[PDB]
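Quick setup: one chain, the form deposited in one PDB entry, written in structure tokens, and binding and motion questions come after.
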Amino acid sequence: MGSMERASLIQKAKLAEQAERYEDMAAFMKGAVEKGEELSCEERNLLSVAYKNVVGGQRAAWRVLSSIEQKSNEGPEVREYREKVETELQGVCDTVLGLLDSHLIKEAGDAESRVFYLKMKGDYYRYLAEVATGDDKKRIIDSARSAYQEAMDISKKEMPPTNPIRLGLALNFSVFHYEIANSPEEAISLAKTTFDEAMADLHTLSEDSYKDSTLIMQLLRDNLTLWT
């Protein structure tokens, strides 16, 4: 989107969100990133929301088709169309990872921005891992783990236990442990420790920050209820 102003791309990305035009919103934010300037807190959220929606719809479709495909294995069309959706999903994940690698992460010097992008990197490698089956699945899983772990290390050094990004990072890393890494006990332990340390820090927060943190704390509890 090289001929459009950065501010216009950002403004149109907000309009696309309101219109629920998430593919447009992602293309706008991709153009904004490629302007080469760092992203503000709000702009990072727009980037993340845009691609989470796009890849979320692809993941849901992939799961529908993969389930039909496995039932048929109890012509080639079902596998072909699953492969087509799967290829588009991997393309979106590779696109996001390319934005993070060129050059969002290396220019993110603050903990809030660096943890945010590393959380994103873990998420989109996790999405790749969900459909991986061959020689690279283990390497893809380790790339997810490595990204999440570096984000965890920084967030524990640099952010309070109630920080929404720190909480969301831990939530997603615990889903990674349970769903991808076949480590349900690690998943449960991370969610428990994350919830308990946030609980003990709630007294420091304003009413608005209290609302933000307890919302994600509830997601951690929902998983623990499901896992234990």
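Residue indices: 1-based, along the sequence shown. Rigid core: the largest C-alpha set superposing within 1.5 Å between the two forms.
Compared with other PDB entries of the same protein, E74 is missing from at least a third of those that resolve the residues around it. Where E74 is followed by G75 in the displayed chain, the model omits 4 to 9 of the deposited residues that sit between the two. When the mean C-alpha temperature factors of 217-225 and 4-12 are read from the deposited coordinates, 217-225 comes out higher. Comparing the deposited coordinates for 134-142 and 85-93, the stretch with the larger average C-alpha B-factor is 134-142.
Highest C-alpha temperature factor among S48, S67, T162, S189, as the PDB entry reports it: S67. Highest CA B-factor among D110, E150, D123, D101, as stated in the entry: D110. When the CA B factors of the chain's modelled residues are split into thirds, the value for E42 lands in the middle one. Ranked by Cα temperature factor within the chain, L118 sits in the lowest third according to the deposited record.
Among all modelled residues in its chain, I180 ranks in the middle third by Cα B-factor. When the modelled residues of the chain are ordered by their C-alpha B factor, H203 lands in the highest third.
In this PDB entry, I105 carries a Cα temperature factor that places it within the middle third of its chain's modelled residues.
The same protein has a further form, the form deposited in another entry, not shown here; the description that follows concerns it.
Per-residue Cα shift between this form and the one not shown after core alignment stays below 2 Å for all of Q218, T204, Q11, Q18 except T204.
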